[PDB]
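Visitor: Here's my sequence, what's the structure:
(chains A, B, C, D, E, F, G, H, I and J, ligands or ions: 2)
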Amino acid sequence: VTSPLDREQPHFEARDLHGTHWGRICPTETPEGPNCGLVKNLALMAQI
Amino acid sequence: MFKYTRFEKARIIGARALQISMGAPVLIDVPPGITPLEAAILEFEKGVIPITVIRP
Amino acid sequence: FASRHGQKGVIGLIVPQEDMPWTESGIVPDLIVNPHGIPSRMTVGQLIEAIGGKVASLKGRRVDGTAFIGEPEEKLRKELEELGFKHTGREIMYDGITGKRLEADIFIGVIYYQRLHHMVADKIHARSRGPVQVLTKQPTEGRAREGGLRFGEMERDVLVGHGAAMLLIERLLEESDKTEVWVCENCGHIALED
Amino acid sequence: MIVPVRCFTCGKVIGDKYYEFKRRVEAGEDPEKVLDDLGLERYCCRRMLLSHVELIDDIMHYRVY
Amino acid sequence: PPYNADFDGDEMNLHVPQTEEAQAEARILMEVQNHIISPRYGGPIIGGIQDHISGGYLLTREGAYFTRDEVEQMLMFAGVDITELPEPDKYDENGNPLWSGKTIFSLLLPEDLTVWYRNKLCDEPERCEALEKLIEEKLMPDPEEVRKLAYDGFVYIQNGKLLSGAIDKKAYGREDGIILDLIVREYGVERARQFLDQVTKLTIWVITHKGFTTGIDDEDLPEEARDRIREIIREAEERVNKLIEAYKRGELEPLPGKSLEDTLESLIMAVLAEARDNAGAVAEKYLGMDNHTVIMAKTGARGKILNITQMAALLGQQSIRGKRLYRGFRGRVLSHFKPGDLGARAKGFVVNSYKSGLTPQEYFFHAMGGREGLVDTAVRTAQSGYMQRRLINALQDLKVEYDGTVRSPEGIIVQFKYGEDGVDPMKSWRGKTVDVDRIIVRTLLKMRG
Amino acid sequence: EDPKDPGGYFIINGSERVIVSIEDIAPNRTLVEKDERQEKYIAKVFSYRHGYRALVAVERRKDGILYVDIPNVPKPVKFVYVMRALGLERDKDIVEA
Amino acid sequence: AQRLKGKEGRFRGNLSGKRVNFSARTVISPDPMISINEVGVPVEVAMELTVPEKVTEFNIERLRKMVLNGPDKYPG
Amino acid sequence: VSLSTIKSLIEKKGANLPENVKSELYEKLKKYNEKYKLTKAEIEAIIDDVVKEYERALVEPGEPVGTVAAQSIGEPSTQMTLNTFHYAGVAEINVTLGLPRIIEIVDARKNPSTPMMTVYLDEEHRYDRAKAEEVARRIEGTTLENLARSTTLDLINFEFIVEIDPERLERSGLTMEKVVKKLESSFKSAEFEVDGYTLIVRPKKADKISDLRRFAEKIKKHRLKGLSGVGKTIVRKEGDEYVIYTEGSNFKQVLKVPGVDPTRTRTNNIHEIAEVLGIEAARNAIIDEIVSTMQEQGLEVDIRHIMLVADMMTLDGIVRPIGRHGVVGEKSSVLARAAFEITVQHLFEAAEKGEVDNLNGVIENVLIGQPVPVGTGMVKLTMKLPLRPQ
Amino acid sequence: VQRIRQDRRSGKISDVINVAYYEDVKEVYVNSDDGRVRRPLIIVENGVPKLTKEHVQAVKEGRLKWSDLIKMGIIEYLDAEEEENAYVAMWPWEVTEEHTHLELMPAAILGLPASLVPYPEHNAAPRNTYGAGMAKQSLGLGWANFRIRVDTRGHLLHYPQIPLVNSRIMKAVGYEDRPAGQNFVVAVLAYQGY
Amino acid sequence: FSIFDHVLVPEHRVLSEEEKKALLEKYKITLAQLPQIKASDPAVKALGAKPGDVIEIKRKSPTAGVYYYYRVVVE
Ligand SMILES: [Mg+2]
Ligand SMILES: [Zn+2]
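Guide: Numbers count the residues shown, from 1 in each chain, chains lettered A, B, ... in the order given. Ligands and ions are numbered 1, 2, ... in the order given. Dropping the coordinates below:
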């Protein structure tokens, strides 16, 4: 799952881990570089 | 001389190495197989230097 | 090479078998890691897996390592104690060269390691003369087309900071885009040769 | 793909003992006693038989000539 | 340390100058041994790291002794051109000679070197005070008395003989390598290069053939420490709950902090930080210096006490941007807590340790904590890069003229004497224009000796 | 084909292309945000119809007057002006709504 | 206008910095047995990168021998 | 030997030494001479060694100090936390720290993010805590709504309903009638009905529906008893001296407040110091601020680089930024400015003005491929032709 | 909302309808649109989970499927809206009266690569992130078609091995049929400084 | 109160013509090469200076006890 926001800007609030991600977004798997927090992977127990 | 700064020593050694490479004779006996640059360092360490530096 | 707990590294040296240490029970390590990498990385999971691997191999059954319902560490240490090994997981080894036992007992176990695809055979790159581009006539970019490495602005400031003017000239202009141009001495416009 | 001929660490030939171990452990025997009976004592050898996966059978279907 | 490189997949570029002048400039100006002292703070930068410091401690620790074969082998491995072994120090059982580590180390030092200081391993100031009194009474006390009052924590070298002390990060470390700095300032770059090339190999041999390891039991605290830690955590949680109840009743006294809620959060964070500090104190107290991890942390080779107290006692409090975890559902971070709960655990306090395992909620809180550090580095790199580019373009072409003044390209005089003093920061004594005390002591010891 | 292959990807010109899911704001929902620079309290809706998006915002400035932002309209219009433009001309109607 | 300006524009990134000849890049591995002012170079890189040397009286023998070695033996 | 003899020997030999070197040498010589007996030869040798060390420590002509200073300020910048604590805690005021503070200092923003002042007390009121809050209240600034515990902008009767707590008047030392008379003096045509803990404001324009809440809020906003633009005032004893700290900043006006010691009073607004005290004081202010930040974050940076930066920033009597609108904008060379930023506009402006580039910088010489005038590029060499091989 | 919940759990309407109410503003929200992210939870009624032992036995024997449990009112999906009114119990023994749901398996909150790390709760978060990211770069028998496939690049590991210490999830997701690493014998000590 | 008593304000002094020429000759400079100090500067106003003169500033540096800095007065 990817976010449409531009990577260059900080986006401090967007990159953080929200509390509602529990069970919907993996808390650990994320890229290292500028994509940190803007690229995320579904948790195992997810159902779109 | 009085005192040689790092830049002046580097400049003098470079100029002497270039002159030696282009065909200038060496005023100090050197071991065989040495590169021109190391010949320049040996020449400088011996103390025989033919290039002077101009100060303002 | 890298482990599942985040420890990464490159092979530093390949050692003949007879120079490797060996435990008092007859085990020769496959791979040696540095003890300084454990703290300040804080990966106790690697040590727990090291204990669990040898426990599983001795017991003949695989070990559950699920996130929160896995086998507790204390059970693994007790099982290791029951199989004739120290609960701490340490063993006594002898030095490969001298042939006498080391003063301290050493930690040894079985850990799962993965070989990454960043291999040196695909990263080495050299450029002596090579071809050049069209517009700028500078060396090309990329390993495939015998490109040259990049000497950016930061390297320029570093070379200025050292105070090596002629080295800067040699790295920038002498070996790329040498040119000669005629100019008239009253307009300064580029003189056109015939 | 297929069972290694020798243990990676010490070099004991264990290539011929994999199928016997698999059959015995599948029959119901305790794997520890089976491994002890086969002669494997150091855990470096036991690891190779325990963690091996046979993948030659499901890649044999795709042929290239 | 200069390149800031690690052997975990890093790549480096190599350039070959082609002209003789370029080669001479590279050889004279940019040789590695010419840049041992950093121009940022006037201290050493090319020094020992990790195993060098740890092996130095192992070699020169108290009680370390080496046999004939070990001494000869390590001396040959280091490269020292010795020809006859010194007189044995102690004779063990069966009539075999033994040499202390201090003698072997002192074989690597110059003949005329005298320096004394306190390193990081000091824990009993009284011993250092007594040693300082002995040294200060007369500047050359008899060596036997100093050996009598030896103590790891006061490095003292007398005419190249290591009389008392243990090798630490303060000896030849990356930041405050006193011995390396003294050698490179008083003898020359070549002598410093030789000294470094010998000590690195000797320490590597010591740490390789003596054995050095860390294991799962390096954090095995005894029962008493665990009970104490549980008591501390329970008391802290009770205090936090009392504060919360006082806030709910409205009896809370507003701090100079504008908002009552902010006062409550500040008090809670202070309480939790103090709790973690006390737990770290007791955990550090119950682990001795025989533990290898404690050795690595104390000498500065790798890590710090925070890693030990987080792997042994508890992680502590997780926070983002200096505030407790608050983002999530309405009034609660996770759906597993009741809304409106402000307790310690409900907002991020993790009472478990890495060795004891984390519950899933603590795991999620810790992940939320670490994401902040990751994004922080990611943004900080770019901000720092842009700032450095602006600074470089601003101050690129200033230089020192032949009269000592610093002038702008057009001719404006920026400074009438560089640095107000005229002394290069690289050649300065850790920012001082000149170290008077060291010169006085060195001269006095040299002539009177 | 490998039986373990999960599928769920396209093949375009012999290359396997996968569509990554985009994370967008929920449509046809009102979200109220704070704009302290102009001291305006803004609510935004992204109305969707036949693939077209429409950012419609109603905001209250310091003066306490409500203005509505509509696409293709150069400047904000007063709230009750556009409300009257939708019929519902009587003031009591706006008061009730 | 856009050709001159920008990170990849003419003014910066094209005269300020550029690709260079006689350079190499590869991963780094530790080696404590060499002096601090030395670098271990793969033999393959040495065969490719070259240093022009002018033939003088004191290095005629070595240069002659290395020319005799050809471009396939190492000291060539 | 006698101390006067030591002074004479110091003056006779150490002629070129700096003043601090001479003073420190004299002090240490006195101490070591009283502790241990020293001969004349020993003192002479010590002074000779000190002179030799000072001479050897001098900078080498041609050194590119500017680039070294820039790198020394920039390399540690990748190490401080851009995200600071963001928690004042107790007896503190939150201030931007780390990278953002350094960026704000360098860019010379007209107003900082967290303007915080430091008010050292005079001889009186310094050792007295009660007099310390007296001075604080003399400078502490509070508004009308700040005093009240609760406030209800009553629209039913179109008047003001406010419930003031005793806490604010207790801390500030004020009284209800003081606030009453301040409101009377500040505004007219308002009821300002005096009550115990209540105030009623009902001006004529507030009687209607459309003109009540805004005017009531405006009157409620007014600040009294306080110096303009000053928020909370924390008082804390440092060593044996109480000091004051303030949110907001007004350096021009505070210096005339009784009880303030103008000598040691400082603020974190460099432009304010420049306008009040001058450019030469702003230089020291910048140096001290950068040093404080670097020391606070634990990174060690030599003072000389910050000295160079501050000296360059205040070259024209104005604290200009280092950005495109400041020091870089003042460069005479057109190509140097074009390479940095906004290339096209600068090129066209230079074409209009018909400027001339003399190529006296590093960037231009790099572009044209000629030796830069730093380091080895400034050395000039001559030699005698009739070389004798010997 | 109680009526709609009862109808949803009985099976009268679809299971994609989610209802949440907000007491403070007196609003009721019904969601039936596309693209919501939801997770399953066990319904708790009067402090008693609705999933009993015989249901687990039936699932094990194959007589019952997951869809049947969904349609029986035992397990319901919750989106971010409906979870606002929930009070979930993490463990089966922690269920009390006020709890309305029970977590199925807390170890499943992690992504697919993040489940590879054994004992992931004993590691620092950055190291777990690095390991999860690096699990996607290791070599191994990724797919059985490597011989006849035509990809630009590809790697094959000659002797892959199942991890000795493994989470029970990767046996279910099929990782153990395509392993990507080997089991090493690791010793922790310093050797020659290399 | 005067601004010269503040700790951040170093001493100032107006140079006369003779030492002006001496200083201008010592560094081989003209009046344009010196740093500039504005006329409306509080230090200049306190000293009663006039554009054209140069101000001698005695700095208090941490590295060196005494250091002299000179600035030319402009409007
Ligand atoms: Mg790296
Ligand atoms: Zn084996």
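Visitor: Pull up the residues of chain I that are close to chain A.
Guide: With the criterion set to C-beta under 8 Å from any C-beta of the partner chain, chain I comes near chain A through I:35-40, I:77, I:80, I:83, I:104-105, I:108-115, I:120, I:125, I:128-130, I:132-133, I:169. Any C-beta I mention is one placed from the backbone N, CA and C, and that applies to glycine too.
Visitor: Keep only those of the residues you listed that are in strands.
Guide: I:39-40, I:77 (DSSP state E).
Visitor: which one of those residues is nearest chain E?
Guide: Using C-beta to the nearest C-beta, residue I:39 comes nearest to chain E of those, at 10.4 Å.
Visitor: In contact with residue 16, which residues?
Guide: I went with chain A, as the question did not name one. A:37, E:320, E:327, E:368, E:371-372, E:375 (C-beta atoms under 8 Å, 6 or more residues apart in numbering or on different chains).
Visitor: was after chain F, sorry
Guide: Neighbours of residue F:16 in contact, by C-beta under 8 Å, 6+ apart: F:9-10.
Visitor: what's around the closest residue to ligand 1 within chain I, how many residues?
Guide: Using C-beta to the ion, the closest approach of chain I to ligand 1 is made by residue I:130 at 11.6 Å. A count of neighbours around residue I:130, defined by other C-beta atoms under 10 Å in any protein chain shown, yields 23.
Visitor: What parts of the stretch 51-200 of chain H come near chain B?
Guide: Checking the stretch 51-200 of chain H against chain B by C-beta under 8 Å from any C-beta, the hits are H:60-62.
Visitor: how about the residues you listed in JSON lines, adding neighbour count and distance to residue H:24?
Guide: Output for those, formatted as JSON lines (neighbours: other C-beta atoms under 10 Å in any protein chain shown; distance: C-beta to C-beta, whole Å):
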{"residue": "H:60", "neighbour count": "17", "distance to residue H:24": "25"}
{"residue": "H:61", "neighbour count": "19", "distance to residue H:24": "27"}
{"residue": "H:62", "neighbour count": "24", "distance to residue H:24": "30"}
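Visitor: closest to chain F among these?
Guide: Nearest to chain F among these, with distances taken as C-beta to the nearest C-beta, is residue H:62, at 50.9 Å.
Visitor: helix or strand for the closest one, which one?
Guide: Secondary-structure assignment from DSSP states H and E places residue H:62 in no helical or strand segment.
Visitor: Outside of stretch B:31-49 itself, which residues are in contact with it?
Guide: Contacts of stretch B:31-49 (C-beta under 8 Å, 6+ apart): B:9, B:12-14, B:16-17, B:20-21, B:26-28, B:30, E:20, E:23-24, E:27, G:53-54, G:56, G:58-59, G:61-62, H:390.
Visitor: and it, how far apart are its ends?
Guide: With C-alpha to C-alpha, to the nearest Å applied, stretch B:31-49 spans 19 Å between its terminal residues.
Visitor: just stretch I:121-128 next, same as before
Guide: So stretch I:121-128: terminal residues 9 Å apart, C-alpha to C-alpha.
Visitor: List the contacts of that stretch.
Guide: Contacts of stretch I:121-128 (C-beta under 8 Å, 6+ apart): A:28, C:5-7, C:41-46, C:48, C:67-68, E:354-355, E:357-360, E:362-363, E:366-367, E:369-371, E:373-374, I:114, I:117, I:120, I:131.
Visitor: Buried subset of these, written for PyMOL?
Guide: Here is the PyMOL selection string for the buried members of the contacts of stretch I:121-128, based on 16 or more other C-beta atoms under 10 Å in any protein chain shown:
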select buried, (chain A and resi 28) or (chain C and resi 5+6+7+41+42+43+44+45+46+48+67+68) or (chain E and resi 354+355+357+358+359+360+362+363+366+367+369+370+371+374) or (chain I and resi 114+117+120+131)
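Visitor: ok, residue I:12 - how many residues close by?
Guide: Neighbours around residue I:12, by other C-beta under 10 Å: 9.
Visitor: Make sure it is indeed in a helix.
Guide: No - counting by DSSP: H, G, I helix; E, B strand; the rest coil, residue I:12 falls outside a helix, being coil.
Visitor: I'd like to know how far it sits from residue I:5.
Guide: 11 Å (C-beta to C-beta, to the nearest Å).
Visitor: related to what we said a few turns ago, quick one, which of the ones in strands among the residues of chain I next to chain A are buried?
Guide: I:39-40, I:77.
Visitor: Need these in CSV (columns: distance to chain H).
Guide: What follows is those, written out as CSV (distance: C-beta to the nearest C-beta, whole Å):
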residue, distance to chain H
I:39, 32
I:40, 37
I:77, 37
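Visitor: and those as a markdown table, adding distance to residue F:7?
Guide: Listed next are these as a markdown table, based on distance: C-beta to C-beta, whole Å:
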| residue | distance to residue F:7 |
| --- | --- |
| I:39 | 24 |
| I:40 | 23 |
| I:77 | 24 |
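Visitor: from the residues you listed, which is closest to chain C?
Guide: Among those, and counting by C-beta to the nearest C-beta, the member closest to chain C is residue I:39, at 16.0 Å.
Visitor: close enough to count as contact, the closest one and residue A:23?
Guide: Yes - using C-beta atoms under 8 Å, residue I:39 is in contact with residue A:23, at 3.9 Å.
Visitor: Now the common contact residues for the two.
Guide: A:43, A:45-46.
Visitor: gap between the residue lying closest to residue I:178 once chain neighbours are set aside and residue D:52?
Guide: Once flanking residues are discounted, residue I:178 sits nearest to residue I:141: 5.5 Å by C-beta to C-beta, 6 or more residues apart in numbering or on different chains. Separation of residue I:141 from residue D:52 (C-beta to C-beta) stands at 13 Å.
Visitor: same question, residue F:54
Guide: Applying C-beta to C-beta to residue F:54 and residue D:52 gives a distance of 62 Å.
Visitor: The two: who's more crowded?
Guide: residue D:52 (20 against 12).
Visitor: Spatially nearest residue to that one (excluding sequence neighbours)?
Guide: Residue D:52 sits nearest to residue D:3 (C-beta to C-beta, 6+ apart), 5.7 Å away.
Visitor: The one you found - that's part of a strand, no?
Guide: No - Residue D:3 is assigned coil when assessed by three-state DSSP, not a strand.
Visitor: Pretty sure it sits against residue D:21.
Guide: No - in this structure, residue D:3 is not within contact of residue D:21 by C-beta under 8 Å, at 9.9 Å.
Visitor: Closest approach to chain I from chain E, which residue is it?
Guide: residue E:370 (3.2 Å).
Visitor: circling back: pop out the phi and psi values for the residue nearest to residue D:52.
Guide: Dihedral angles of residue D:3 (phi, psi; degrees, to the nearest 10) stand at phi -60, psi 130.
Visitor: Let me know the secondary structure of the residue nearest the centre of chain J.
Guide: The centre of chain J sits closest to residue J:55, judged by C-alpha atoms, centre = their mean, with a distance of 2.3 Å. Assigned with three-state DSSP, residue J:55 falls in the strand class.
Visitor: what's it in contact with, if anything?
Guide: J:12-15, J:37, J:43-44, J:47, J:49, J:70-73.
Visitor: of these, closest to residue C:188?
Guide: When the contacts of residue J:55 are ranked by distance to residue C:188 (C-beta to C-beta), residue J:72 comes first, at 35.7 Å.
Visitor: what about that closest one, helix or strand, and which?
Guide: Per DSSP H and E: strand J:67-74 holds residue J:72.
Visitor: same for that strand, what does it pack against?
Guide: On a contact count with 3 or more C-beta pairs under 8 Å, 6 or more residues apart in numbering or on different chains; DSSP states H and E, strand J:67-74 meets strand J:36-38, strand J:54-59.
Visitor: tally of neighbours for the residue in chain I positioned nearest to ligand 2?
Guide: Here the residue of chain I nearest ligand 2 is residue I:185; by C-beta to the ion that distance is 8.8 Å. The local packing of residue I:185 (other C-beta under 10 Å) involves 26 other residues.
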